[PDB]
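**Q** This is protein.csv, which holds CSV, C-alpha atoms (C1' of nucleotides):
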```
chain,number,residue,atom,x,y,z
A,1,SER,CA,34.9,-34.2,38.0
A,2,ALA,CA,32.4,-35.5,35.5
A,3,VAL,CA,30.5,-33.1,33.3
A,4,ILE,CA,27.0,-32.1,34.5
A,5,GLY,CA,24.2,-30.0,33.2
A,6,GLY,CA,20.9,-28.8,34.5
A,7,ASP,CA,18.0,-26.7,33.2
A,8,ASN,CA,17.0,-23.5,34.9
A,9,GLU,CA,14.1,-21.4,33.5
A,10,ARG,CA,14.7,-21.7,29.8
A,11,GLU,CA,18.5,-21.8,30.3
A,12,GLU,CA,21.1,-24.6,30.8
A,13,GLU,CA,23.5,-24.4,33.6
A,14,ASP,CA,26.8,-26.3,33.0
A,15,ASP,CA,29.4,-27.7,35.1
A,16,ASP,CA,32.8,-29.3,34.5
A,17,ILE,CA,33.2,-28.4,30.9
A,18,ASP,CA,34.5,-25.1,29.6
A,19,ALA,CA,34.6,-26.4,26.1
A,20,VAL,CA,31.0,-27.2,25.6
A,21,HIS,CA,29.5,-23.7,25.8
A,22,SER,CA,29.9,-20.3,27.3
A,23,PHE,CA,31.0,-19.0,30.8
A,24,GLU,CA,29.0,-16.6,32.9
A,25,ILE,CA,30.9,-13.8,34.4
A,26,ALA,CA,28.2,-12.8,36.9
A,27,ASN,CA,28.1,-16.3,38.4
A,28,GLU,CA,31.0,-18.5,37.6
A,29,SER,CA,29.1,-21.1,35.8
A,30,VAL,CA,28.6,-22.0,32.2
A,31,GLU,CA,25.2,-20.8,31.2
A,32,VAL,CA,23.4,-20.9,27.9
A,33,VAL,CA,19.9,-20.5,26.6
A,34,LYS,CA,18.1,-23.8,26.6
A,35,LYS,CA,18.4,-24.0,22.8
A,36,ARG,CA,22.1,-24.6,22.9
A,37,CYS,CA,21.8,-27.8,24.9
A,38,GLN,CA,22.6,-29.7,21.7
A,39,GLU,CA,26.3,-29.1,22.0
A,40,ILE,CA,25.9,-32.0,24.5
A,41,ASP,CA,25.7,-34.2,21.4
A,42,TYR,CA,29.4,-33.7,21.5
A,43,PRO,CA,29.5,-36.0,24.4
A,44,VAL,CA,27.0,-38.4,22.9
A,45,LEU,CA,28.7,-39.8,19.8
A,46,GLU,CA,31.8,-39.7,21.8
A,47,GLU,CA,30.1,-41.5,24.5
A,48,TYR,CA,31.7,-38.9,26.9
A,49,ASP,CA,30.4,-39.0,30.4
A,50,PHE,CA,28.1,-36.3,31.7
A,51,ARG,CA,25.2,-36.0,34.1
A,52,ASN,CA,22.1,-34.8,32.5
A,53,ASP,CA,20.2,-32.9,35.2
A,54,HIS,CA,18.7,-30.5,32.6
A,55,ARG,CA,16.6,-32.7,30.5
A,56,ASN,CA,13.5,-34.2,31.9
A,57,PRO,CA,12.2,-36.1,29.0
A,58,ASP,CA,8.9,-37.8,29.2
A,59,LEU,CA,9.5,-41.5,29.0
A,60,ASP,CA,9.4,-42.5,25.4
A,61,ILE,CA,9.1,-46.0,23.9
A,62,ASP,CA,11.2,-46.9,20.9
A,63,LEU,CA,8.8,-46.4,18.1
A,64,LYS,CA,8.9,-48.8,15.2
A,65,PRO,CA,6.1,-48.0,12.7
A,66,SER,CA,6.9,-48.5,9.1
A,67,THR,CA,6.9,-45.3,7.1
A,68,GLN,CA,7.2,-45.5,3.3
A,69,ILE,CA,9.1,-42.6,1.8
A,70,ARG,CA,9.3,-41.6,-1.8
A,71,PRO,CA,12.7,-40.7,-3.0
A,72,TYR,CA,12.5,-36.9,-2.6
A,73,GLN,CA,11.1,-37.3,0.8
A,74,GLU,CA,14.0,-39.5,1.7
A,75,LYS,CA,16.5,-37.0,0.3
A,76,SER,CA,15.0,-34.2,2.4
A,77,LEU,CA,14.9,-36.3,5.5
A,78,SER,CA,18.5,-37.3,5.0
A,79,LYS,CA,19.6,-33.7,4.6
A,80,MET,CA,17.7,-33.1,7.9
A,81,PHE,CA,19.5,-36.1,9.4
A,82,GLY,CA,22.9,-34.5,9.2
A,83,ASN,CA,22.3,-32.3,12.2
A,84,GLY,CA,18.7,-32.9,12.9
A,85,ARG,CA,18.6,-29.1,13.3
A,86,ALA,CA,21.4,-27.5,11.5
A,87,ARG,CA,20.8,-30.0,8.8
A,88,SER,CA,17.3,-30.7,9.9
A,89,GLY,CA,16.5,-27.1,10.1
A,90,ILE,CA,13.5,-26.5,8.0
A,91,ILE,CA,12.2,-28.3,5.0
A,92,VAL,CA,10.4,-26.4,2.3
A,93,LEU,CA,8.0,-28.3,0.1
A,94,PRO,CA,4.8,-27.7,-1.8
A,95,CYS,CA,1.6,-28.7,0.0
A,96,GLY,CA,1.2,-32.0,-2.0
A,97,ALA,CA,4.8,-32.9,-1.1
A,98,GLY,CA,4.1,-34.9,2.0
A,99,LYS,CA,6.2,-33.1,4.5
A,100,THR,CA,4.3,-34.8,7.2
A,101,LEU,CA,5.7,-38.1,6.0
A,102,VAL,CA,9.2,-36.8,6.5
A,103,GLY,CA,8.1,-35.5,10.0
A,104,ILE,CA,6.7,-38.9,10.8
A,105,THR,CA,10.0,-40.5,9.7
A,106,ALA,CA,12.0,-38.2,11.8
A,107,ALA,CA,9.8,-38.9,14.8
A,108,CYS,CA,10.2,-42.6,14.2
A,109,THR,CA,13.9,-42.3,13.6
A,110,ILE,CA,14.4,-40.0,16.6
A,111,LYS,CA,11.9,-41.9,18.9
A,112,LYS,CA,12.2,-39.2,21.5
A,113,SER,CA,9.4,-37.3,23.2
A,114,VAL,CA,8.3,-35.0,20.7
A,115,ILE,CA,6.4,-31.7,20.5
A,116,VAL,CA,4.6,-30.5,17.5
A,117,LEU,CA,3.8,-26.8,17.3
A,118,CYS,CA,0.8,-26.0,15.0
A,119,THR,CA,-1.1,-22.8,14.3
A,120,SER,CA,-4.6,-24.2,14.8
A,121,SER,CA,-6.4,-26.8,16.9
A,122,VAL,CA,-7.7,-28.4,13.7
A,123,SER,CA,-4.2,-29.0,12.4
A,124,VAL,CA,-3.5,-30.4,15.8
A,125,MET,CA,-6.3,-32.9,15.5
A,126,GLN,CA,-5.1,-33.8,12.1
A,127,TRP,CA,-1.5,-34.3,13.2
A,128,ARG,CA,-2.8,-36.2,16.2
A,129,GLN,CA,-4.6,-38.7,13.9
A,130,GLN,CA,-1.4,-39.3,11.9
A,131,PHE,CA,0.5,-39.9,15.1
A,132,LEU,CA,-1.7,-42.9,15.4
A,133,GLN,CA,0.8,-45.0,13.5
A,134,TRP,CA,3.2,-45.0,16.5
A,135,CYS,CA,0.2,-45.6,18.7
A,136,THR,CA,-3.3,-44.5,17.7
A,137,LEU,CA,-4.6,-41.2,18.7
A,138,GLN,CA,-6.7,-43.1,21.2
A,139,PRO,CA,-3.4,-44.4,22.3
A,140,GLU,CA,-1.6,-42.7,25.1
A,141,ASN,CA,1.3,-42.4,22.8
A,142,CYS,CA,-0.4,-39.3,21.5
A,143,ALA,CA,-1.3,-36.3,23.6
A,144,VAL,CA,-2.4,-32.7,23.2
A,145,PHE,CA,-1.1,-29.9,25.3
A,146,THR,CA,-3.1,-26.7,25.0
A,147,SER,CA,-5.6,-24.6,26.9
A,148,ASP,CA,-8.3,-27.1,26.3
A,149,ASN,CA,-6.5,-29.9,27.9
A,150,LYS,CA,-3.0,-30.4,29.0
A,151,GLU,CA,-1.5,-33.8,28.4
A,152,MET,CA,2.2,-34.4,28.6
A,153,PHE,CA,3.3,-37.4,26.9
A,154,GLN,CA,6.2,-38.8,24.9
A,155,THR,CA,7.2,-39.8,21.3
A,156,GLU,CA,5.0,-40.2,18.3
A,157,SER,CA,5.4,-38.4,15.1
A,158,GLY,CA,5.1,-35.9,17.9
A,159,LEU,CA,3.5,-37.3,21.0
A,160,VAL,CA,2.5,-33.9,22.1
A,161,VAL,CA,0.7,-31.6,19.9
A,162,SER,CA,0.2,-28.0,20.8
A,163,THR,CA,-0.4,-24.6,19.2
A,164,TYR,CA,2.0,-21.7,18.9
A,165,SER,CA,0.1,-19.8,21.7
A,166,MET,CA,-2.2,-17.0,22.1
A,167,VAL,CA,-2.7,-14.1,24.5
A,168,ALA,CA,-4.4,-15.3,27.7
A,169,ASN,CA,-3.7,-16.6,31.1
A,170,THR,CA,-3.6,-20.0,29.5
A,171,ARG,CA,-2.5,-20.5,26.0
A,172,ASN,CA,-0.4,-22.7,23.8
A,173,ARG,CA,3.2,-23.8,24.3
A,174,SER,CA,4.6,-20.3,24.0
A,175,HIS,CA,2.9,-19.4,27.3
A,176,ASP,CA,4.1,-22.8,28.6
A,177,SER,CA,7.7,-22.2,27.4
A,178,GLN,CA,9.5,-22.5,30.7
A,179,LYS,CA,7.4,-25.5,31.7
A,180,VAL,CA,7.9,-28.3,29.2
A,181,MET,CA,10.5,-28.8,26.4
A,182,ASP,CA,8.8,-28.5,23.1
A,183,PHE,CA,9.5,-26.6,20.0
A,184,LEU,CA,7.9,-24.3,22.3
A,185,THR,CA,8.8,-25.2,25.6
A,186,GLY,CA,11.4,-26.1,28.3
A,187,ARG,CA,12.8,-29.5,29.2
A,188,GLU,CA,10.2,-32.2,28.5
A,189,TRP,CA,10.9,-32.9,24.9
A,190,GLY,CA,13.9,-33.7,22.7
A,191,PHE,CA,12.3,-33.0,19.3
A,192,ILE,CA,10.5,-30.0,18.2
A,193,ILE,CA,8.4,-30.0,15.1
A,194,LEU,CA,7.1,-26.7,13.7
A,195,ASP,CA,4.3,-27.2,11.3
A,196,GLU,CA,4.3,-24.0,9.3
A,197,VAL,CA,7.5,-22.8,10.8
A,198,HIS,CA,7.1,-19.4,9.2
A,199,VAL,CA,4.9,-18.4,12.2
A,200,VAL,CA,7.7,-19.1,14.6
A,201,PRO,CA,9.6,-15.9,14.0
A,202,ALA,CA,7.0,-13.9,15.9
A,203,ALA,CA,8.8,-12.2,18.7
A,204,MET,CA,6.9,-14.2,21.3
A,205,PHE,CA,6.7,-17.6,19.5
A,206,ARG,CA,10.4,-17.6,18.9
A,207,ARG,CA,11.0,-17.8,22.6
A,208,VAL,CA,9.4,-21.2,22.5
A,209,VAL,CA,12.5,-22.5,20.7
A,210,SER,CA,15.1,-20.6,22.6
A,211,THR,CA,13.7,-21.8,25.9
A,212,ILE,CA,13.8,-25.3,24.6
A,213,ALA,CA,16.5,-27.8,25.2
A,214,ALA,CA,15.1,-30.0,22.4
A,215,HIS,CA,18.1,-30.7,20.4
A,216,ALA,CA,16.3,-31.7,17.3
A,217,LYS,CA,14.3,-29.2,15.5
A,218,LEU,CA,12.4,-29.4,12.3
A,219,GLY,CA,10.4,-26.7,10.6
A,220,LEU,CA,8.0,-27.5,7.8
A,221,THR,CA,6.8,-24.9,5.3
A,222,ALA,CA,5.8,-24.1,1.8
A,223,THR,CA,7.4,-20.7,2.0
A,224,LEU,CA,10.4,-20.0,4.2
A,225,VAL,CA,11.0,-16.4,3.5
A,226,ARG,CA,9.0,-13.7,5.2
A,227,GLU,CA,8.4,-10.2,4.0
A,228,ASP,CA,9.8,-9.0,7.4
A,229,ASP,CA,13.0,-11.0,6.8
A,230,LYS,CA,12.4,-12.2,10.3
A,231,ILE,CA,13.0,-15.6,8.8
A,232,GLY,CA,16.7,-15.0,9.4
A,233,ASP,CA,16.4,-15.7,13.2
A,234,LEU,CA,15.3,-19.3,12.4
A,235,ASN,CA,18.7,-20.4,11.4
A,236,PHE,CA,20.0,-20.0,14.9
A,237,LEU,CA,17.1,-21.4,16.9
A,238,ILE,CA,15.5,-23.8,14.4
A,239,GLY,CA,18.0,-23.9,11.5
A,240,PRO,CA,18.2,-22.7,8.0
A,241,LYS,CA,16.5,-24.4,5.0
A,242,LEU,CA,18.5,-27.5,4.5
A,243,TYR,CA,16.2,-28.6,1.7
A,244,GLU,CA,13.9,-26.9,-0.7
A,245,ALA,CA,12.0,-27.8,-3.8
B,1,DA,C1',-155.8,-60.6,29.3
B,2,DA,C1',-154.0,-61.6,25.4
B,3,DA,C1',-150.7,-62.7,21.5
B,4,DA,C1',-146.2,-62.6,20.5
B,5,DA,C1',-140.9,-63.3,20.4
B,6,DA,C1',-136.9,-64.9,22.8
B,7,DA,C1',-134.8,-68.0,25.7
B,8,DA,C1',-133.3,-72.5,28.1
B,9,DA,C1',-133.9,-77.1,28.0
B,10,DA,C1',-134.7,-81.9,26.5
B,11,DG,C1',-134.1,-86.0,23.5
B,12,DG,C1',-131.7,-88.0,19.8
B,13,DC,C1',-127.7,-89.0,16.8
B,14,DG,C1',-122.9,-89.7,15.8
B,15,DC,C1',-117.9,-90.7,17.2
B,16,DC,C1',-114.1,-91.1,20.9
B,17,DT,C1',-111.3,-93.5,24.5
B,18,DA,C1',-108.9,-98.6,25.6
B,19,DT,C1',-108.3,-104.1,23.2
B,20,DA,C1',-106.6,-107.0,19.9
B,21,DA,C1',-102.5,-108.7,15.5
B,22,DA,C1',-100.2,-107.8,11.0
B,23,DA,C1',-98.4,-106.9,4.8
B,24,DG,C1',-96.1,-101.7,1.3
B,25,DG,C1',-95.6,-96.2,-0.1
B,26,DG,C1',-96.1,-91.1,-0.1
B,27,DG,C1',-97.4,-86.7,2.6
B,28,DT,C1',-96.0,-82.6,5.3
B,29,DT,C1',-93.1,-80.6,9.2
B,30,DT,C1',-89.0,-79.9,12.0
B,31,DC,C1',-84.1,-79.8,12.5
B,32,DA,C1',-78.8,-80.8,10.9
B,33,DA,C1',-74.3,-78.4,9.6
B,34,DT,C1',-72.3,-74.8,6.6
B,35,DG,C1',-72.3,-69.9,4.7
B,36,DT,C1',-73.5,-63.5,3.0
B,37,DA,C1',-74.0,-58.7,5.2
B,38,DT,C1',-73.2,-56.7,9.8
B,39,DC,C1',-71.6,-56.9,14.7
B,40,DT,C1',-68.0,-57.2,18.4
B,41,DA,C1',-63.3,-56.7,20.3
B,42,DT,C1',-58.0,-56.0,18.4
B,43,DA,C1',-54.5,-54.3,15.8
B,44,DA,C1',-52.8,-50.5,13.1
B,45,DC,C1',-53.4,-45.9,10.7
B,46,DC,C1',-53.1,-41.1,10.0
B,47,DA,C1',-52.4,-35.8,11.8
B,48,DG,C1',-51.9,-32.6,15.6
B,49,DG,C1',-49.9,-31.0,20.2
B,50,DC,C1',-46.1,-30.7,23.9
B,51,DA,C1',-41.1,-31.6,25.8
B,52,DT,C1',-36.0,-32.8,25.2
B,53,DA,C1',-31.7,-33.0,22.4
B,54,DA,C1',-28.6,-31.4,18.5
B,55,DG,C1',-27.0,-27.7,15.3
B,56,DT,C1',-27.2,-22.8,14.0
B,57,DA,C1',-25.9,-18.4,13.6
B,58,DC,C1',-25.2,-14.5,16.3
B,59,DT,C1',-23.1,-11.6,19.0
B,60,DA,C1',-19.1,-11.5,22.1
B,61,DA,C1',-14.7,-11.1,23.7
B,62,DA,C1',-9.4,-10.1,23.9
B,63,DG,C1',-4.8,-10.2,21.9
B,64,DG,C1',-1.5,-8.3,18.6
B,65,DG,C1',1.6,-7.0,14.2
B,66,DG,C1',2.5,-4.1,10.2
B,67,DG,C1',2.3,-0.2,7.2
B,68,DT,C1',1.5,4.7,6.2
B,69,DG,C1',1.4,9.6,7.4
B,70,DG,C1',2.7,13.5,10.2
B,71,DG,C1',5.9,16.0,13.1
B,72,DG,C1',10.5,17.2,14.8
```
What's the structure tokens form of this structure?
**A**
Amino acid sequence: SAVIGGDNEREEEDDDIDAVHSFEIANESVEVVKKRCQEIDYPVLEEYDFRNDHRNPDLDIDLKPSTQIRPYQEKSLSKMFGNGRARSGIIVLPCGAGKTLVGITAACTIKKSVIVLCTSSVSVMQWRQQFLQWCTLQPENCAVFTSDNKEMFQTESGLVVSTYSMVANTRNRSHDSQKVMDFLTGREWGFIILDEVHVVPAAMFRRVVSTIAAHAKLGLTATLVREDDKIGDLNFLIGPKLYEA
DNA sequence: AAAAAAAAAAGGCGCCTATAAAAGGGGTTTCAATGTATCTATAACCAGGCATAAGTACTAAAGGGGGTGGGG
């Protein structure tokens, strides 16, 4: 019959298509970590029919802010555009560079429910303000999902902003990872933005990505490489540096 | 009994009241509205005392990752 997919606890069950992913011996079903949901894009451009039981995106309005981009910023964005993950991957730029502008552009371009993963709450507030262009921070179009408050909303530069996570009963999206597709989490959001992606390689934080169906992934950072060389894992989950300056 | 001083009283003198009508000047004495220093009720002033709200630093906690040294 028609192809179908569904999300189960940070994994994607698959039916009617052997080609798309990998088969599970234990239970005859194609199963994959949530991160490899993107192969579904194969059906998209193709306009191949499938049923998407897996993704539960928060409803997202088609954003149309106007974001001006200097030339280098456009170049990086375009590199990112090629795969929006393999090509998006991570963008490395100096602090002055205006990576956030690129992020904003991707969010506008993508216009899907988005999750931003940041280290601190302050950065979260900062991002939240920028998100205002799509709809002001006061606007519903922006939300914050953390221990303090849990709001699950759509698109923006990232409609949802959350932190990497901490250790506690309640924490950031890492804790939440099964619950809602983010850079961190399960099946709510299509785009995952990692501000300061270098943090992501933490053994725990990395799960945020794996557990995520979110096809598009962007990591922003001044310095990609880690002393630990943990940075290597990013390519699979997030992507490798498609652009650097 | 007498002389003496002190007292009340008389008679006389002068001026007052009410009557009258009608030509120019200067006097003192009392009373009018419009103002200083001091008073009143008001309005407004400081400094000092107590209660509520905002910001502080403080201690307070738990959660973890990474690197170096020692032992097998």
**Q** What box, with edges along x, y and z, holds each listed atom of region 36-52 of chain B when 8 Å is added on every side, and can you state its centre and edge lengths in Å to one decimal, as lines of an AutoDock Vina configuration file?
**A**
```
center_x = -55.0
center_y = -47.1
center_z = 14.4
size_x = 54.0
size_y = 48.8
size_z = 38.8
```
**Q** Show which residues sit within 7 Å of residue 242 (chain A), as an MDAnalysis selection string. Count only C-alpha atoms (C1' of nucleotides), and ignore same-chain residues fewer than 2 positions away.
**A** chainID A and resid 79:80 87:91 240 244
**Q** Mind running region 142-195 of chain A against region 28-39 of chain A at 12 Å and telling me each contacting residue's nearest atom pair with the distance in Å (one decimal), counting only C-alpha atoms, chain and number ascending, as a tab-separated table?
**A**
```
residue	atom	partner	partner_atom	distance
A:177	CA	A:34	CA	10.6
A:178	CA	A:34	CA	9.6
A:179	CA	A:34	CA	12.0
A:180	CA	A:34	CA	11.4
A:181	CA	A:34	CA	9.1
A:182	CA	A:35	CA	10.6
A:183	CA	A:35	CA	9.7
A:184	CA	A:35	CA	10.5
A:185	CA	A:34	CA	9.5
A:186	CA	A:34	CA	7.3
A:187	CA	A:34	CA	8.2
A:188	CA	A:34	CA	11.7
A:189	CA	A:34	CA	11.7
A:190	CA	A:38	CA	9.6
A:191	CA	A:38	CA	11.1
A:192	CA	A:35	CA	10.9
```
**Q** Within 10 Å of chain A, which residues of chain B show up? Give each one with its shortest atom-to-atom distance in Å (one decimal) and the two atoms involved, counting only C-alpha atoms (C1' of nucleotides), rows by chain then rising residue number, as a Markdown table.
**A**
```
| residue | atom | partner | partner_atom | distance |
| --- | --- | --- | --- | --- |
| B:62 | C1' | A:167 | CA | 7.8 |
| B:63 | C1' | A:167 | CA | 5.1 |
| B:64 | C1' | A:167 | CA | 8.4 |
| B:65 | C1' | A:202 | CA | 8.9 |
| B:66 | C1' | A:228 | CA | 9.2 |
```
**Q** Just how far from CA of residue 109 (chain A) is CA of residue 72 (chain A), in Å to one decimal?
**A**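 Going from CA of residue 72 (chain A) over to CA of residue 109 (chain A), I get 17.1 Å.
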**Q** Excluding residue 127 (chain A) and its own-chain neighbours fewer than 3 positions away, which residues fall within 12 Å of it when counting only C-alpha atoms (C1' of nucleotides)? Please give them as a PyMOL selection string.
**A** chain A and resi 99-101+103-104+115-124+130-133+136-137+142-144+156-163+193-195
**Q** Hey, which of A:25, A:114, A:17, A:45 ends up closest to residue 214 (chain A)? Count only C-alpha atoms.
**A**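 For residue 214 (chain A), the nearest of the given residues is A:114.
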**Q** I'd like the interatomic distance between CA of residue 107 (chain A) and CA of residue 218 (chain A), to a tenth of an Å.
**A** 10.2 Å
**Q** Report, in Å with one decimal, the straight-line distance from CA of residue 208 (chain A) to CA of residue 141 (chain A).
**A**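 Between CA of residue 208 (chain A) and CA of residue 141 (chain A) the gap is 22.7 Å.
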**Q** Please check which residues have atoms at most 10 Å from (20.5, -40.5, 16.7) in the file's coordinates, counting all atoms listed in the file, and write them as an MDAnalysis selection string.
**A** chainID A and resid 41 44:45 81:84 109:112 216
**Q** Please, could N, CA and C atoms be added to region 150-171 of chain A and the result written as a compact mmCIF listing (two decimals), in the coordinates of the input?
**A**
```txt
# COMPACT_ATOMS: atom_id res chain seq x y z
N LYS A 150 -4.39 -30.39 29.01
CA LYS A 150 -3.00 -30.40 29.00
C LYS A 150 -2.57 -31.85 29.30
N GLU A 151 -1.97 -32.50 28.29
CA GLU A 151 -1.50 -33.80 28.40
C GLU A 151 -0.06 -33.81 28.11
N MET A 152 0.78 -34.41 28.96
CA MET A 152 2.20 -34.40 28.60
C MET A 152 2.62 -35.76 28.39
N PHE A 153 2.78 -36.12 27.10
CA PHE A 153 3.30 -37.40 26.90
C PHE A 153 4.38 -37.36 25.86
N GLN A 154 4.97 -38.52 25.53
CA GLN A 154 6.20 -38.80 24.90
C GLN A 154 6.43 -38.56 23.40
N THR A 155 6.84 -39.67 22.74
CA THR A 155 7.20 -39.80 21.30
C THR A 155 5.92 -40.15 20.61
N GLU A 156 5.97 -39.91 19.29
CA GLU A 156 5.00 -40.20 18.30
C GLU A 156 5.56 -39.60 17.13
N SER A 157 4.75 -39.20 16.12
CA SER A 157 5.40 -38.40 15.10
C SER A 157 5.79 -37.19 15.91
N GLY A 158 4.92 -36.88 16.88
CA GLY A 158 5.10 -35.90 17.90
C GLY A 158 4.16 -36.45 18.94
N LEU A 159 4.63 -36.95 20.12
CA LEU A 159 3.50 -37.30 21.00
C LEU A 159 2.75 -36.15 21.36
N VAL A 160 3.39 -35.00 21.65
CA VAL A 160 2.50 -33.90 22.10
C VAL A 160 2.31 -32.98 21.02
N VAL A 161 1.04 -32.56 20.86
CA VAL A 161 0.70 -31.60 19.90
C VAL A 161 0.24 -30.38 20.59
N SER A 162 0.71 -29.19 20.18
CA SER A 162 0.20 -28.00 20.80
C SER A 162 0.32 -26.87 19.81
N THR A 163 -0.34 -25.74 20.12
CA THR A 163 -0.40 -24.60 19.20
C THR A 163 0.74 -23.69 19.55
N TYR A 164 0.96 -22.66 18.71
CA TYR A 164 2.00 -21.70 18.90
C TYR A 164 1.79 -20.96 20.20
N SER A 165 0.55 -20.47 20.44
CA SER A 165 0.10 -19.80 21.70
C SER A 165 -0.75 -18.69 21.31
N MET A 166 -1.39 -18.09 22.33
CA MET A 166 -2.20 -17.00 22.10
C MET A 166 -2.07 -16.08 23.30
N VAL A 167 -2.85 -14.99 23.39
CA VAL A 167 -2.70 -14.10 24.50
C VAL A 167 -3.79 -14.50 25.50
N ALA A 168 -3.41 -14.93 26.71
CA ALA A 168 -4.40 -15.30 27.70
C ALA A 168 -3.63 -15.82 28.87
N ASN A 169 -4.34 -16.08 29.98
CA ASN A 169 -3.70 -16.60 31.10
C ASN A 169 -3.18 -17.98 30.69
N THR A 170 -4.03 -18.74 29.97
CA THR A 170 -3.60 -20.00 29.50
C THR A 170 -3.60 -19.96 28.02
N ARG A 171 -2.59 -20.58 27.39
CA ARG A 171 -2.50 -20.50 26.00
C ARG A 171 -1.71 -21.72 25.51
```
